[PDB]
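Tertiary structure, described
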Amino acid sequence: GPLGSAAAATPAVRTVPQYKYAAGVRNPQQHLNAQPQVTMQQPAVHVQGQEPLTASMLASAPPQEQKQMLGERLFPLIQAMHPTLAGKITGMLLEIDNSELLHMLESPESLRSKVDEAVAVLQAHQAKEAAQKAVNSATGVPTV
């Protein structure tokens, strides 16, 4: 790496790291009939809306909301990823394990994978046994 941010030691700064570790534990059958272009496994969902919120968006406001839109502007965006399951997801992303707060700002996919994952954590902390008694740690008058 050029600067002292990450650590991977790879001159291949063109492609993204292989985050998909395909283990060869399964039985490698034939099914080698996939030569032409595959149009399946991908619905007809084009991009009609605008650019969503993520790490890229965060880096778009270095001297502005570099540490804000990550969990204070993503709210209207999460509702898209999850059935209006937001309201706390991204807001949590500014207080989660902290590692998700870092990865989300460093990857245009982390903010999404860590958000969706934080959802599993939000639901487990919502109406579950993770009910908090402290009501003074909450917000008072919502700003705009």
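Residues numbered from 1 in each chain as written, not as in the entry; some residues may be left out. Heavy atoms only, no water.

Header annotation of the entry names solution NMR as the structure determination method.

1. Some remarks on the pattern of salt bridges
As a reminder, the rule being used: In the sections that follow, a salt bridge refers to a side-chain nitrogen of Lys or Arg positioned within 4 Å of a carboxyl oxygen of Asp or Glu. Throughout this description, buried means an accessible area under 20% of the type-specific maximum (1.4 Å probe, protein chains only), exposed means over 50%, and partly exposed covers the range between.
In this structure the tally under the stated criterion is one salt bridge. In this structure, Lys88 engages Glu95 in a salt bridge whose closest nitrogen and oxygen atoms are separated by 3.2 Å. For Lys88, a relative accessible area of 29% translates into the label partly exposed.

2. Section: the nonpolar core
Stated formally: Working definition of a nonpolar core: buried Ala, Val, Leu, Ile, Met, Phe, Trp, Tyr and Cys residues. They are joined through side-chain atoms within 4.5 Å. Strands are runs of DSSP state E lasting at least two residues, helices are runs of H or I lasting at least four, and both sets are numbered from the N terminus onward. Residue contacts follow a heavy-atom distance rule, with two residues in contact if any of their heavy atoms lie within 4.5 Å.
Residues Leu58, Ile89 and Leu93 are the most contacted members of the largest nonpolar core, which totals 21 residues. Secondary structure elements with two or more residues in this core: α1 (55-58), α3 (89-92), α4 (99-106) and α5 (110-123). Setting aside residues no more than four positions away along its own chain, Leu58 makes contact with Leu53, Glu65, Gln66, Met69, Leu70, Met104, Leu105 and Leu111.

3. Re α4
Which entries qualify depends on this criterion: An arc is given here, and it is the one of the directions from the helix axis to the C-beta atoms.
Buried within α4 are the following residues: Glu100, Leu101 and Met104. Seen end-on, α4 carries its buried residues on one side only, within an arc spanning 105 degrees. Pointing more than 90 degrees away from the buried face of α4 are the exposed residues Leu102 and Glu106. In this structure, the buried side of α4 is in contact with α1 and α5.

4. A look at unusual backbone geometry
Its identity as a non-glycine residue notwithstanding, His31 has a phi of 50 degrees, on the positive side. Secondary-structure assignment places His31 in the segment before α1. The exposure class assigned to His31 is exposed, which follows from its relative accessible area of 72%.

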